[PDB]
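Single chain ahead, written as structure tokens, the form deposited without uridine 5'-triphosphate (UTP).
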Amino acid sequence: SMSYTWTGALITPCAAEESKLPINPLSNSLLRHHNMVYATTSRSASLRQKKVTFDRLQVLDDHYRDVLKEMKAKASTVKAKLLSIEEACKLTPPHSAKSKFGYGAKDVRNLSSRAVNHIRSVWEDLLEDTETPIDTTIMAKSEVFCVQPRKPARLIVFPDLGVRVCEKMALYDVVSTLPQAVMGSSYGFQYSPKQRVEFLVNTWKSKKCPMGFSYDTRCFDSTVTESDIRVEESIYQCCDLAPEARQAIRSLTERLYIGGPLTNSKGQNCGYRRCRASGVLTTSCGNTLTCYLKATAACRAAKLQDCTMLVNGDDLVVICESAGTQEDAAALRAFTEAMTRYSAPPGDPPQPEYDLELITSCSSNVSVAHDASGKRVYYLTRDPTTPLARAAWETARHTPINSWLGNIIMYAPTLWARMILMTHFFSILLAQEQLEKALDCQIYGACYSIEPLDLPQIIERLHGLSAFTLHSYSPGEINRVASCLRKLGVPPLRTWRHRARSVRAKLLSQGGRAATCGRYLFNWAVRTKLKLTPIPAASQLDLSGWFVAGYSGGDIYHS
């Protein structure tokens, strides 16, 4: 059926939308071509709607059913707990959209009488009503990019805060444990960026003659069918669940996940949805399962040999045994046809890759540099354009989420993050005197509050001490960065080194943790290096919960 139906009423903004980069003094030292940086607005909502609206086509076969059964089996071992209203409330971010029933985030987190009473009635209701389509709000997402040689805004659909908390109660544990129990080493969110690289590299080497590819499904969420969503629930239903939760899952499936009415910021009727909503708890888990499910079966239909999957929401990368160039290309083409029948048509057609570094999955790619010792070391990098366009924007305006702090944690090893992000942001903090101030940032969707002064410990635990000494990056990685800095108008190496060296001295003089950030973060800047020994604090970090599951659009905060 139609992924969407439109009444005519427009997708409205809930306040003035900023589309241009504010000519600012701190933004300019970072990037000069400020006219190349823009933020999507509801003004392009009509373009997106036209792209994500279509009639889906789905034909299921034996391979599909076979993989589903296999998945159902591993799911069968799972035992979901069910969170109490309190637990689910602690998971609610402080900046989470308030409810239309008289309360907001704060209240929820504070367990106020009015917050809990309503949330309880919404749950009681989920247990009693198994049919009434739950109302959702559709808004145009505001994201930052760099004009290309512009993207329409993304459309987000989320339910009320009351409903969001009940989802946590009945499905948090499910979406946190089932993917791994079901997909194994294929579930990409269980890995830290260093662990993701390792998995890719080890998998690449386990092949006599490796052949890999990334698969980009054209607007994946709209391709998800009502059938896919019930198949997804049937996987959840294999779990040992409390009666209240099993019913809650049954009700949420029919009343929210499979579809529902759409309302704009103005309380107007926008239309209907019959595909995946981006703003619910099961979106990441559901997408990962569905992509994995169809892909695994697509591989068997196409005769691809010994496939290894790595799934992250709707992002997928496969690595298998080559059967030669012709054969690989035909096999790949047969794969896309199987996927197209399973209702997951490609956006960018897929191309076979015989070199690990040229494979972009999760917007990233594996690459290689060298540690002080001269030894090779693989790390995860990515074109810096978007992270840089966003660093500029987050430097000019106050934003709930600091993508830059995220990008620095996830890409600490990369040449661009060490030379640009760390230098630009550490110098700024010093000036405003806020090196202590904790900042929120997201990792695989989950919200986290992080103290800038802890970056060193964080980086060593996640990437190893090498992230402080990598040098001699690849000629491929160097070009990409260079040609990007030119595009955006970012100062050259010399300028950043000079800036870094000053940021460093200023830090070292302060001593304490600041002295530590200086010593390790900017050791690449000075000639007279400093033996970088293991940071004590790092052996006392619990970064476990950081890499367990995906939560994008799931309204998750990890206090």
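Only the largest set of C-alpha atoms that superpose within 1.5 Å between the two forms is called the rigid core. For every residue, the number given is its place in the sequence shown, counted from 1. Shifts are known only where both forms have a C-alpha.
Student: Determine, among the other compared PDB entries that model residues flanking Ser19, whether at least a third leave it unmodelled.
Tutor: Modelled in all the others, so no.
Student: Quick check on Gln540: across the other compared entries (only those modelling residues on both sides), is it unmodelled in a third or more?
Tutor: Yes, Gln540 lacks coordinates in at least a third of the other compared entries that model both of its neighbours.
Student: What number of residues from the deposited sequence go unmodelled in the gap from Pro149 to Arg150, classed as none, 1 to 3, 4 to 9, or 10 or more?
Tutor: 4 to 9 residues lack coordinates between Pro149 and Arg150.
Student: Mean C-alpha B factor from the entry: is it higher for 161-169 or for 96-104?
Tutor: Mean C-alpha B-factor is greater for 96-104.
Student: In the PDB record, does 283-291 or 400-408 carry the higher mean Cα temperature factor?
Tutor: Mean CA B-factor is higher for 400-408.
Student: Using only the C-alpha B-factors in the record, can you name which of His471, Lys437, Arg246, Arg276 has the highest?
Tutor: Among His471, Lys437, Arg246, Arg276, the PDB entry lists the largest C-alpha B-factor for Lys437.
Student: Just grab whichever of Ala75, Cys209, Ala338, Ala330 has the top CA B-factor as deposited.
Tutor: Largest recorded C-alpha B-factor: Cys209.
Student: Going by what the PDB entry lists, where does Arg196 fall on CA B-factor within its chain: lowest, middle or highest third?
Tutor: Its C-alpha B-factor, which the entry lists for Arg196, ranks in the lowest third among residues of this chain.
Student: Against its chain's modelled residues, does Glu143's Cα B factor rank lowest, middle or highest third?
Tutor: Its C-alpha B-factor, which the entry lists for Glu143, ranks in the middle third among residues of this chain.
Student: Consider only the C-alpha atoms of the modelled residues in this chain, order them by B-factor as the entry records it, and name the third containing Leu493: lowest, middle or highest.
Tutor: For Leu493, the deposited C-alpha B-factor lands in the lowest third.
Student: Going by the recorded CA B-factors, say which third of the chain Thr132 sits in, lowest, middle or highest.
Tutor: According to the entry, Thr132 has a C-alpha B-factor in the chain's lowest third.
Student: Using only modelled residues of the chain, where does the Cα B factor of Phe54 rank: lowest third, middle third or highest third?
Tutor: As the PDB entry reports it, the C-alpha B-factor of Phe54 lands in the middle third of its chain.
Omitted from view is the form deposited with uridine 5'-triphosphate (UTP) bound, to which the following refers.
Student: In the deposited complex, which of 110-118, 210-218, 92-100, 264-272 comes within 4.5 Å of uridine 5'-triphosphate (UTP) (heavy atoms)?
Tutor: That would be 210-218.
Student: Would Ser552 show up as a contact with uridine 5'-triphosphate (UTP) in the deposited complex if we use heavy atoms at 4.5 Å?
Tutor: Contact with uridine 5'-triphosphate (UTP), yes.
Student: Counting only non-hydrogen atoms and a 4.5 angstroms cut-off, does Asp314 reach uridine 5'-triphosphate (UTP) in the deposited complex?
Tutor: Although uridine 5'-triphosphate (UTP) is absent here, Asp314 would touch it in the deposited complex, with heavy atoms inside 4.5 Å.
Student: Classify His63 as contacting or not contacting uridine 5'-triphosphate (UTP) in the deposited complex by the rule of any non-hydrogen atom within 4.5 angstroms, answering yes or no.
Tutor: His63 lies outside the contact set for uridine 5'-triphosphate (UTP).
Student: Is it the case that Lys106, even though its partner is missing from this view, gets within 4.5 Å of uridine 5'-triphosphate (UTP) in the deposited complex, heavy atoms only?
Tutor: Flag for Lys106 set to no.
Student: In the deposited complex, which of the listed residues (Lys151, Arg333, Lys72, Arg397) lies with a heavy atom within 4.5 Å of uridine 5'-triphosphate (UTP)?
Tutor: The option sitting close enough to the partner is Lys151.
Student: Could you work out which of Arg48, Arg56, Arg519, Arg513 is the residue within 4.5 angstroms of uridine 5'-triphosphate (UTP) in the deposited complex, going by heavy atoms?
Tutor: Going through each option in turn, the one that passes is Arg48.
Student: By the 2 angstroms cut-off, has the C-alpha of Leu541 moved between this form and the one not shown once the rigid core is superposed?
Tutor: Yes, its C-alpha moves 2 Å or more.
Student: If the C-alpha spacing of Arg376 and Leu543 moves by 3 Å or more in the deposited complex, is that a move closer or farther apart?
Tutor: Farther is correct, given that in the deposited complex the C-alpha spacing of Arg376 to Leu543 is increased by at least 3 Å.
Student: Mind listing the moving segments between this form and the one not shown, meaning three or more residues in a row, each Cα shifted 2 angstroms or more, core aligned?
Tutor: Run moving 2 Å or more: only 541-544.
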